[PDB]
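The block underneath contains the structure these notes are about, expressed in structure tokens.
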Amino acid sequence: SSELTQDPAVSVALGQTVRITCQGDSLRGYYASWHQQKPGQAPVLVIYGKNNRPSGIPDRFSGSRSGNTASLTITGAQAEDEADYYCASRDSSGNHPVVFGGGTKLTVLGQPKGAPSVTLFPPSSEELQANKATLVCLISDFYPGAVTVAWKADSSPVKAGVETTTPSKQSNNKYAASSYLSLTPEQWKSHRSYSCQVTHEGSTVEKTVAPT
Amino acid sequence: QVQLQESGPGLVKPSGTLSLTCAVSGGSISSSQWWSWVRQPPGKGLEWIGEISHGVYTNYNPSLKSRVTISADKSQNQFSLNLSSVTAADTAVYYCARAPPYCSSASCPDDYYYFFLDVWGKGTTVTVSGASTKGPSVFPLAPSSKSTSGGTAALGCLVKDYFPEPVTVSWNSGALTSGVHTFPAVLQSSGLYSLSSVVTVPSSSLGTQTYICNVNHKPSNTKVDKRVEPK
């Protein structure tokens with residue numbers, strides 16, 4: 001699947017310089033391109049080859065070669081540079097198949113922390129009129145991406161019927177998560193309140209909904 | 001001006017054959033460029049499938065050659081992919097793209113030794129499963145006095161129990177893009193997905209404006225437009 005070796009993850013401090021390298025015996029015949037991919041989007045070409053760049057690519061991106069190793073250097077890395085970077089070239093032997101690198105997750109350190117935005121929704125009227133009940137707890141815009149989600153029935157913990165995602169990066173380098181609590185309309189109406197507790201960097205945000 | 005658009009089935013039974021088509025506008029697939037197919041399994045990197053030039057000449061990944069076929073319809077400005085004997089390893093997002101011409105001999109100008117993918121499609125998701133498709137149940141997440149944050153308020157749509165991915169959500173037929181956040185889906189123990197889309201709007205304009213979420217689930221050929229009214 002992959003033919004050129006890249007480091008799966010590298011880090012750089014905001015404003016510093018990072019060199020993402022791409023190595024393989026397949027490289028020696030053609031120029032290496034670099035593609036950038038933000039979460040949820042198709043790749044975007046950042047280096048045609050040699051040191052040529054398309055429109056909309058800042059000058060701080062550059063390409064270089066040293067035999068069987070191509071390199072993408074980012075001088076003065078910014079927050080918008082956090083993405084996955086893929087080198088690509090053609091095999092110099094045989095029918096010249098296309099050769100991809102494994103990809104490199106770039107992390108830019110020093111970005112500002114953010115407390116989670118928590119939105120809790122009760123089961124809708126139409127869902128209850130259909131004998132269903134689901135509580136939706138939406139967590140967004142927290143950085144770093146470490147967060148604990150916990151549910152409460154009145155004041156007691158509940159674990160059955162809870163489906164939680166792992167945190168995933170948003171397009172603005174912050175993180176998002178979701179937790180769904182599935183109950184019967186009897187379980188929903190037989191309690192005074194339900195709570196979604198969200199802990200992030202030692203601090204907790206708690207939202208509460210009731211059959212009102 | 002060149003735009004690509006993939007189209008496919010979304011769900012393919014194991015040992016079946018995956019068939020996709022990439023339509024091209026603003027360019028010609030009969031050119032000397034290499035109109036390619038790329039795929040990306042969820043949580044993994046890009047893998048090259050094949051390419052086709054002038055609508056005739058083909059070149060495939062050595063590891064996939066035994067079951068890959070790439071053809072072109074020069075009259076409809078399309079090129080297609082056929083992958084037979086599919087397994088769960090073929091579950092991926094499939095992109096069509098365009099590579100430039102090149103030389104196989106070392107005797108050409110410098111312009112002919114590049115490889116790059118400067119034009120991509122949005123990509124279509126393909127899942128190889130024996131399970132059946134299920135359309136989504138869309139419920140409104142109505143705004144209340146606890147979904148408010150002063151001047152703004154949050155309302156949304158619950159897209160529940162569907163299979164397979166993906167589901168796209170727009171608001172008011174795409175006229176409302178500001179404040180929209182469609183959360184990534186959750187894979188439940190039932191094997192079905194669920195996600196929620198939430199848009200932030202002025203709390204004063206709740207009763208004076210209609211908000212409808214547009215939920216498209218192509219693997220089931222279903223579109224749900226659910227009106228969201230205040231609680």
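Letters A, B, ... mark the chains of the structure tokens in the order given; residue numbers begin at 1 per chain; ligand numbers begin at 1, in order shown.
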Margin query: Distance cut-off 9 Å, counting only C-alpha atoms - which residues of chain B neighbour chain A? Return them as number ranges by chain.
Written below: B: 44-50, 59-63, 95, 104, 106, 112-123, 139-144, 146-147, 154-155, 158, 183-189, 194-196, 198, 231
Next item on the list: Please identify which residues in chain A DSSP calls alpha helix (DSSP H) from the backbone, and express them as a PyMOL selection string.
Entry: chain A and resi 125-128+185-189
Next item on the list: Would you mind listing what lies within 10 Å of residue 150 in chain B as number ranges by chain, with only C-alpha atoms counted and same-chain residues fewer than 2 positions away left out?
Entry: B: 145, 147-148, 152-153, 202-204
Item checked: Counting only C-alpha atoms, the residue of B:37, B:94, B:211, B:79 that sits nearest residue 172 in chain B ->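 Smallest distance to residue 172 in chain B is found for B:211.
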Margin query: Neighbouring residues of residue 82 in chain A were defined as those with any atom within 9 Å, considering only C-alpha atoms; residues of the same chain fewer than 2 positions away were excluded. Please report them as a VMD selection string.
Written below: chain A and resid 38 77 to 80 84 105 to 108 173
